[PDB]
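Reading through the structure tokens given below for one structure.
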Amino acid sequence: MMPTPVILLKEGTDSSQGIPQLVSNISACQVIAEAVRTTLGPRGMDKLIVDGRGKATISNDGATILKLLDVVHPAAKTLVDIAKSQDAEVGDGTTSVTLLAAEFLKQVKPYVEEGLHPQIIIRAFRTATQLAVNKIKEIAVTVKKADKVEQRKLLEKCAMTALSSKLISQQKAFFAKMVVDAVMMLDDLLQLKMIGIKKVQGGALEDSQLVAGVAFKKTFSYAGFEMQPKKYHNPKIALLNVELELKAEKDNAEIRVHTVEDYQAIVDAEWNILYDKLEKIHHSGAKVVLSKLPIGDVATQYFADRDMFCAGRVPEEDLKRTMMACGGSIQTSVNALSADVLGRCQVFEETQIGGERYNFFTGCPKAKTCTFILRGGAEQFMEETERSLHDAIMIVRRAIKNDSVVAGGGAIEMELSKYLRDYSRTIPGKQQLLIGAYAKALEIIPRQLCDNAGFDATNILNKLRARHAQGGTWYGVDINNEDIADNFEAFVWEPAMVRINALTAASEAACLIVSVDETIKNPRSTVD
Amino acid sequence: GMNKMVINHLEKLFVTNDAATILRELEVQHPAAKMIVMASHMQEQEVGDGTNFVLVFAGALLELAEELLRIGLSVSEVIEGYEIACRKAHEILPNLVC
Amino acid sequence: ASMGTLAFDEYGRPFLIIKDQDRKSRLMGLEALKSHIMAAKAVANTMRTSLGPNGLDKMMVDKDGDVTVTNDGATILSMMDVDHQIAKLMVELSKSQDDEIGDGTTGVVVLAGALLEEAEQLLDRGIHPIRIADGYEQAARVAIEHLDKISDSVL
Amino acid sequence: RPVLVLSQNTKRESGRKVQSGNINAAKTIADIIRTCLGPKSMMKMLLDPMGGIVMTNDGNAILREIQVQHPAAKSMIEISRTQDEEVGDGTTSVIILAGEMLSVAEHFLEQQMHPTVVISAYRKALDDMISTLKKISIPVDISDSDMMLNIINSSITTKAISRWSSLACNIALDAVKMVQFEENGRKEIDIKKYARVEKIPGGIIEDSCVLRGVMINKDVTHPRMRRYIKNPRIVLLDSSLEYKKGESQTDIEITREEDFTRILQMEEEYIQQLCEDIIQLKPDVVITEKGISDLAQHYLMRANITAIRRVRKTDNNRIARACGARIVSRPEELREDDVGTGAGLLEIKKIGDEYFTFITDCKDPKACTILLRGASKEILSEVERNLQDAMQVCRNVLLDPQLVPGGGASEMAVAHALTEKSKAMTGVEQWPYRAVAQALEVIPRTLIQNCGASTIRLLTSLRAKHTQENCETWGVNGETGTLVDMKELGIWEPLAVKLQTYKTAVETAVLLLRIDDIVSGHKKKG
Amino acid sequence: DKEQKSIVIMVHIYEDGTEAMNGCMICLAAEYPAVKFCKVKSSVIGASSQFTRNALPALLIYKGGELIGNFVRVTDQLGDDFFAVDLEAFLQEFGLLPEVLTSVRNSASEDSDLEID
Amino acid sequence: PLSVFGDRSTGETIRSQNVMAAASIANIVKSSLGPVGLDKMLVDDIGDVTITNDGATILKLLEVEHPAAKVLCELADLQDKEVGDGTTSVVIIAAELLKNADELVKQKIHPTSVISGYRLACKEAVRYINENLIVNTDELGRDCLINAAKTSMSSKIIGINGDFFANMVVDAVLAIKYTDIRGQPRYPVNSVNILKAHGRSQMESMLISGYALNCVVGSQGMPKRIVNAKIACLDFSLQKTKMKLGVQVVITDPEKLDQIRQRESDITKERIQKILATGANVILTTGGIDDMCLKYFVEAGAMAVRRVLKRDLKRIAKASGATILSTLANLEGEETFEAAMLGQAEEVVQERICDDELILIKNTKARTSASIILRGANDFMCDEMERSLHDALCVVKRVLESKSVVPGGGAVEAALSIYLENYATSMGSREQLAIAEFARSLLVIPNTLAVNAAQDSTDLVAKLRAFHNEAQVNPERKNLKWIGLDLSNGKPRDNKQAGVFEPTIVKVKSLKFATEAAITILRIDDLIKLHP
Ligand SMILES: Nc1ncnc2c1ncn2[C@@H]1O[C@H](COP(=O)(O)OP(=O)(O)O)[C@@H](O)[C@H]1O
Ligand SMILES: Nc1ncnc2c1ncn2[C@@H]1O[C@H](COP(=O)(O)OP(=O)(O)O)[C@@H](O)[C@H]1O
Ligand SMILES: Nc1ncnc2c1ncn2[C@@H]1O[C@H](COP(=O)(O)OP(=O)(O)O)[C@@H](O)[C@H]1O
Ligand SMILES: [Mg+2]
Ligand SMILES: [Mg+2]
Ligand SMILES: [Mg+2]
Ligand SMILES: [Mg+2]
Ligand SMILES: [Mg+2]
């Protein structure tokens, strides 16, 4: 290569082409997969990441760990992207997708090094993934009875399986029942914003509770608030979006008077406007008043005089949850405060929870929202508990959409690997090697489970392969018993769509990585 | 054709085998290559496909013109021959419609 | 045991994966467990001298020179200027005990330090830390039930 | 604290880029001296790093002064040096041929052909090239002086010395013939050692001549020495004529009064005895490579003997060859055979502001001095280079009397023969074979380009002409740009020069094709 | 630090008549292959500003790790355009510099040759 | 806690770094394997250029920092020293073995089991090679040597000219042949003086039926051609005599200084007279000769060469029958030189080779000697020809010493892989994986050859493995053991019939050395790097 006084690209452009860059891309993918490798399974371990500001994030979630990793490698970013995709569409399996993709790339690396054309590998991956998805859909177990008790049990088992890998796995039955109960009360859309999650420092995990209603923190009470009663036995709730305090009528309003009588009339008119709003609220029959906009001290004292509870500056989502639980309507004008626009709950009370004051709306019979109040010894403890409960909630929602379950613990992947190997034994032979490599790479998850648990991976792998070969579909890794067992009878259940999405995303990532032959990096502009 | 990993000055990922996108996301400094790139972009604007054809044909034409100049032909003769051959190809093309 | 992993490829080409990977550090597995247990042990041993009627005070000086003499474990750990993450976790544990109860903010730190110190010698013998945590949870449940059993009521 | 396998300053590149870079380096090196070929070539000025100026059009002289960083260019420079050392001509031709073959090889490597196939095709092509060159050669009669002069003229017609063709041709032919030697059944020429070229700036180049003897820039030791001797008997020496310390430590101890004077007198007597031993042979001139004491000069003048001191060893060997003498280190062992008789005149004369010693009438001398007189030092350097080329060509013709048509006629003939041969290959390597065969047309092409005529029409006409039966001697007239039968233009080249050029170009192409990886930056690790 | 103490090694400090002295040094290197002439910029060494401004021509000679010659600012006592032979004579007057041609190369178990039965 | 002033790596990290370093060293030279391989250019920091295909030279010239890479480089150097061929295959095999063993270790297989499996696989591979894949060279004749030389010179700058270079190599090796005690024909390579000189083409390289010296006559007065040469080899300088350190000259009578000074040179004069009086014509000495002694040789019409290399002088003395004399001292305290210490040659000439001269001692008697003059386009080409020629000479020596050869082109590797993958099922439970990985690693050679040839490596190696499996299973298909790779056409081919051989010692030593290097690297699981 010559200096060539006039150059084609910008000076400093870096270009990598050929087999070596593909091998380097595969190695980078393996490096990324290693960073979340040990977080998989009930024996998985958490990872702690410190940012530049010094904040520490402790998480067992693969997607969160990958997000906190500041990857810059163009090929490595695909694994993070597919982890984000799996989190978005499913919510669980973010650790499995990266491992599967990296194992695919590792298995096909020797064939790449020996000059195999990438298109053949891509076609083999597409065929194998299609066959595996069809097999998963075919052998997935579903019950067409719509029995409430067994469907509830299926939801609870799926929640426990999705939860039995986190720091709350000791109380996995308790939190699983809480999560299933919370999800069942969502109405039709299962919107995540309808499940409030409040984290309160202090207290054990068993002290965490689910509220059949809405609960939120106290919001900067004004003077005279402590004179209000803090418990009602059948209150009517006025959900408002109104600023109840003395203020200018309008920002651009101007008052022009030339008589002291008019001055007194103006001040009395302002006071009368405020008192008329408060009087309308009072004769609306409501005992609890909530508002997005601030509620002034004058209004607070007025409500205290009438023995009512008031709370201004309530967050928008909390008022939405209160409206959907008590069954009222958020009002921007108080002129027509009819009976139907007033919320209603059986019991309202303010109670102290770990050094904080919380307002409780319990006893709602037709509530369509929830409120998780999580307790723990550190803010990261509550954060990880919230992440785990989010995973469980997503799993339960997906199970509600379609109750198609497959046994976990790597049993499904053993069945898929056996089926794929059997299929590959009946083709010419160029695709046979690649499909066999795909089937072998499908064994990564149970092997990783055994490695994390401290087992001997080879013996468990051999036993699982022998068990699946001669008959047996749901035989996977049993962590506690140091051996293998029928995971379906052990209630290690997984929605089939989770593994379907995992396989699809891993295959797409592997094909995209393999299809790239050259990498070009333009010099950075405005480095600052 | 294989996809290409392209990183622009803003560190934005690009995987594509589309010639026009690759050319757009390359900091091309040689002005003759700039003319080739803008001809490709004009082809993309007018039709929407065939940009890689434009680059390949232009490159082949330029290398063969360099060979012709080396063997002794003048630039004017090469240009005239290319124009005549392009006219002949345009005349021929309707007869090749299947 | 530090600076992540440095390969620079087997073909001599640059191998950059994580931004500023040369300026970052990483600890894996048992070494990280030992470091965390040591940090928690140091914090607990610092706190344990201020336990009981004969416990002595700690004289805390902030960044502005204001000095505070106190015996409250939560107050001591809150004003302590730590940088180890496990020390911050211990401080947050003491603050949580203060928020929920208001008393015993020093007992929690000492108990956690002792638990991790024993877990260190359990780990040295080849026991998975998850097994240690499960055993600790079972023993904690047993101890809580015993506390409920031997509890006494007052007017 | 980075961990590395190789050094942090070791850079590696491989693949198509390495081959393209090497071939482009060879092409650029060829382009450097592309216009310096043919009778109508132009001069080039080279600024030496030591402040000197080299003004020439020789390919090797131009390439030798160029400092390059790309190792392929270094390989090309070494190729030019090898061609210059082996035969003394064809440096520009071999460089251009190597560049053209490597361009063709790059064309073939752009496709999916492995370099080994191209190398095998190139080697088969080279074998056929050698066969055709040997086939189209013609013999040369050694005793025909006119034919030798014509050959030397065709060799030097492309240089700046072409303005004086007869003079340079006669000088080169006479020097080569008289330096030719035969002893013990072994024939040698030895242009490198004998036939020295001495250049004295000033005068006119028409006064330049080759002496029947030797000439050195030396003066008589004493003014009383004879500066003009008719028939001298030169005696050559290798040792000093002065008292010198012995090898062993030889401290003396003087206790008597007269021992000091006795020691000095014995030094005097030792010098006298050495001079008497020299004189006993009755010579006229004494030449030695080392110093001569003043007492030795006095004793030699007493016998009317001219003495010159401090001559170079090469000059003394040249004098020994010229005057038929033998260099003797110990004067006490001088023999009549060692005395050099055969020099017909010795004369010391003044040229400019210096004294020069002439021994210029030797009968049957085996060494000569070429006295170059010109405008300046650079002009004389160029004339010396041209004379070196002429003498090398004369030696090549004398060793091998085969002769080959020039002006691109041989190139086109070999190309046509190889193209006809390739019609029966019916393989995958026929394409590189035919292409490297046609690559020989660059020499007529660059001849036409330098002449300024129409390249395409002339090459097409020449190719059509070479397709006939008896047309192997049809080249291009480099000064008129017309097709002319070369057996009447008289431009012919020795077969050895063409063979060396072809072989060197083909092997340069092969060597640069054998390469696909480059590593650099590591210490030499002595 | 490296190389044998029995070989005289000199270094030159320069900034971008430096060219003439560099040419003379190249000529001496061609004339003295046993020596390892080399040069290095002052800015690389980061010497003092006075050396950079008034001591541009530096003739530093090392022999076994010690300075047997520290010729600095040789403009006055040597000149500006003197040739390589002048520098050689000047350096050899102080007894510092050291006092056939093959085809190309000859160099290539310890069993040299044995015809013993 | 450790408080060790240095960096520490433990577990998977250090193993991965070692494997990456070994793989990088392998990938450095993987492109110069087999006839379709291509050479590399090495450029120093001072501009020196080296072009070579030999793996050992490439690894020696490179700067290597990682200790495992150093291990591989020294492995290549040892393979070159002990065999002379296969310096690239050994490195590639060792790196592949290390990679597969590391993969097994990552599969939680203990490294001791992998090491035991590798040892068993190496032993069984050596046994199978020695029992099935060897070909006896007694019934093949000179064609076996020619084919071995041609195979060794493939992938080299002298590949296509093999038809001539193999003849040259075989002739030289057979010329330097000698027999020793207990009747073992020994071939002392490195006795063939390889002389380089650029100029005319490779086909003009000359094999000298004698010896060649890279030196000329001391004086221009001596004759440059002697027909009946009586070579006198000396190991002492011929110059003015000088007394030793313990002897000093002190003069008290001034009349004796002239006699002292005369005797000083007359001693050397009389030594030269004694040497010449026996009829010597060519005089070679390791020391120097001054002017007067050169004149003494000139007057007698005899050659005199100074500064002769000691090894060259020893070879000349052995070939011509002369004996080297470090001094002219007999067993009765006198100075003498008998005619018995004179070697003889058919002709001694100073030939001119490309504007330079060298001395050719032609057709020495009482012993046959050989030398090679290599002609190339430039210096780098000549150096590469010399390296390839040395490799070919070593291969021919190995073939002549041990009369067993094996088919080339990856046939041995494929047969070994099939046999080992079949044999691994017989012994052990965890070692079987190690033996299977050894068999898989042995397949890196044909894969690399196919990749270099830009052929379909997968299909070609699959066909080779199928052929060898059929050979091993069917007992009437033993003829398929020789099925190698035809790189020119990219098809399987009977390499034994095609004439592609190589010494069995090459494969055996490569396997043993690669296995030992992989075992050595595999034991490492912790690194401490103290700061300097
Ligand atoms: N009780 C169990 N026994 C064995 N394996 C389990 C059990 N519970 C979960 N798993 C396995 O753990 C894996 C999920 O691990 P986890 O890190 O929680 O989520 P992800 O799917 O994102 O890795 C599943 O593939 C499942 O097979
Ligand atoms: N009068 C002439 N007419 C045409 N061609 C000529 C004439 N004289 C010489 N040539 C050609 O020019 C070439 C000499 O070019 P020259 O400058 O000597 O190159 P180089 O220095 O490499 O030998 C020869 O090959 C010869 O055939
Ligand atoms: N003509 C040929 N056909 C097929 N294979 C060959 C041929 N010549 C050599 N080989 C194979 O190529 C391999 C590489 O040899 P090479 O790398 O040149 O030797 P080294 O390892 O000493 O450098 C050898 O193992 C040999 O079996
Ligand atoms: Mg999960
Ligand atoms: Mg298109
Ligand atoms: Mg207390
Ligand atoms: Mg010429
Ligand atoms: Mg070899």
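Residue numbers (my numbering), protein chains in the order written: chain A, 23 to 550; chain B, 988 to 1085; chain C, 1127 to 1281; chain D, 2 to 527; chain E, 56 to 172; chain F, 37 to 568.
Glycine is no exception: its CB is placed at the ideal position from the N, C-alpha and C atoms.
- In the structure shown, the three-state DSSP call for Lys314 of chain D is helix.
- In the displayed model, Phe138 of chain E falls within coil according to three-state DSSP, outside both helix and strand.
- Interface criterion not met: the Cβ of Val19 of chain D is under 8 Å from no Cβ in chain C.
- Under the Cβ distance rule, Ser227 of chain F counts among the residues neighbouring chain E, one pair being separated by less than 8 Å.
- Taking 8 Å as the cut-off, the beta carbon of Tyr223 of chain F is found closer than this to the beta carbon of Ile212 of chain F.
- Secondary structure remark: continuous beta strand (DSSP E) runs of at least 3 residues inside the region 485–544 of chain F, in chain order: 519–522, 527–530, 537–539.
- Secondary structure note for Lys221 of chain A: it is in no alpha helix (DSSP H), and the uninterrupted beta strand (DSSP E) holding it is 217–223.
- Relative to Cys251 of chain F, the option among F:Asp392, F:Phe503, F:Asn458 whose CA is nearest is F:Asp392.
- By the 16-neighbour rule on beta-carbons within 10 angstroms, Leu122 of chain A is buried.
- In chain order, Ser190, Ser191, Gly195, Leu523 place their CB closer than 7 Å to the CB of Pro71 of chain F, counting only its own chain and leaving out the 5 sequence neighbours on each side.
- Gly988 of chain B has its CB no nearer than 7 Å to any heavy atom of ligand 5.
- Any heavy atom of ligand 1 counts here; residues with a Cβ closer than 6 Å to one of them, in chain order, are A:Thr61, A:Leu62, A:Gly63, A:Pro64, A:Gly66, A:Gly84, A:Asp114, A:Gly115, A:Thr116, A:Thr117, A:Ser118, A:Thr183, A:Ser186, A:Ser187, A:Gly430, A:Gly431, A:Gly432, A:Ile467, A:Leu471, A:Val499, A:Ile501, A:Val514.
- The bridge partners DSSP lists for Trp475 of chain D are D:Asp486.
- Sequence-distant Cβ neighbours of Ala157 of chain F in its own chain, meaning closer than 6 Å and more than five residues away, are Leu456, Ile471, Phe474.
- With a cutoff of 8 Å on beta-carbon distance, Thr1194 of chain C and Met1186 of chain C are scored as near each other.
- Legend: CB atoms of the region 533–546 of chain F lying less than 7 Å from CB atoms of chain D are not found in any residue.
- The C-beta separation of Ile145 of chain F from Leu558 of chain F comes to about 11 Å, leaving the pair out of contact by the 8 Å criterion.
- In chain order, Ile1144 make up the part of chain C whose C-beta sits under 7 Å from the C-beta of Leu91 of chain A.
- The beta carbon of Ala59 of chain F falls within 8 Å of a beta carbon belonging to chain C, placing the residue at that interface.
- Every unbroken stretch of the beta strand (DSSP E) spanning 3 or more residues and falling wholly within the region 1189–1273 of chain C is given here in chain order: 1193–1196.
- In the three-state reduction of the DSSP assignment, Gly379 of chain F falls in the strand class.
- Taking 8 Å as the CB threshold, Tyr214 of chain F lines the interface with chain E.
- The Cβ-Cβ distance between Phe383 of chain A and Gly235 of chain A falls below 8 Å.
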